[PDB]
Structures are given as structure tokens and as C-alpha cells.
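Written out below as C-alpha cells is the structure these notes cover.
No lab work stands behind these numbers, since they all come straight from the coordinates. Cβ placement follows ideal geometry from the backbone for every residue including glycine, while neighbour counts extend to all protein chains displayed.
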Amino acid sequence: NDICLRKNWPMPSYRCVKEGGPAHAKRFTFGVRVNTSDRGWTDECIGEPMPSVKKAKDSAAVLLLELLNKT
């Protein structure tokens with residue numbers, strides 16, 4: 001969140017795109033997007049299917065940091 005804050009943007013969107021399923025689908029996949037003032041909502045950064053919802057957000061966010069590293 002530091003990079004988005006520092007860039008003087010609002011707080012990014014965070015919501016699991018896939019969570020739960022037919023038992024064997026408790027891997028969570030989530031996509032992030034940020035409001036890059038120069039363009040707007042960034043490309044939705046889908047993370048990897050993670051076995052914990054906290055890891056879901058953070059790991060996608062890590063890919064987002066790469067996007068925000070190109071600003």
C-alpha cells in the first residue's frame with residue numbers, strides 16, 4: 001500500500017475473484033487494480049491460487065508492485 005500511498009493515489013481495489021468451490025478448490029485467486037492518476041484503473045493483476053486468503057492479496061500485490069514500478 002506504501003507505493004500507492006506515496007504516488008498519491010486512493011486505496012486500491014482488493015477482492016478475491018475465485019474463492020472456494022467443490023472442496024478441492026480452496027485455493028484462492030485474486031486480482032488487484034490501482035487508480036493510476038495518469039491513466040486510471042490499472043491492469044487487473046491476478047495473483048496465484050493461494051491456500052490462504054491473506055497470501056492471496058499479498059502475492060497479487062507483489063505483481064502489482066511491478067506494475068507500479070513502471071510509473
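Name all residues of segment 43-71 having a backbone nitrogen under 14 Å from the label point set 7 Å from the Cα of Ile3 along its Cα→Cβ direction, giving them as ranges.
Within reach of a label on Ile3, which here means backbone N under 14 Å from a point 7 Å along Cα→Cβ, segment 43-71 contributes 43-47, 58-71.
Please give the helix 53-67 orientation as an angle from the longest Cα principal axis of the chain, in degrees from 0 to 90, rounded to the nearest 10.
With both axes taken from Cα atoms, the answer is about 40 degrees.
At 7 Å along Cα-to-Cβ for each site, give me the label-to-label distance between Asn35 and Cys16 in nm.
Result: 2.6 nm between the two label points.
Compute a Gaussian network model of the chain, connecting alpha carbons closer than 10 Å, and tell me which residue from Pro51, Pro12, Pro22 fluctuates the most.
Most flexible of the set in this elastic network: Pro22.
Out of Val34, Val17, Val53, any idea which swings most in a Gaussian network model of the chain, alpha carbons joined below 10 Å?
Highest fluctuation of the listed residues: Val17.
So what is the orientation-averaged projected area of the chain, using the convex hull of its C-alpha atoms, in nm²?
On the way: hull surface 17.5 nm².
Its average projected convex-hull area is 4.4 nm².
Taking 8 Å as the Cα distance limit and 6 or more residues as the minimum spacing, I'd like the relative contact order of the chain as a percentage.
On the way: 120 pairs, mean separation 18.4, N = 71.
Contact order relative to length: 26 percent.
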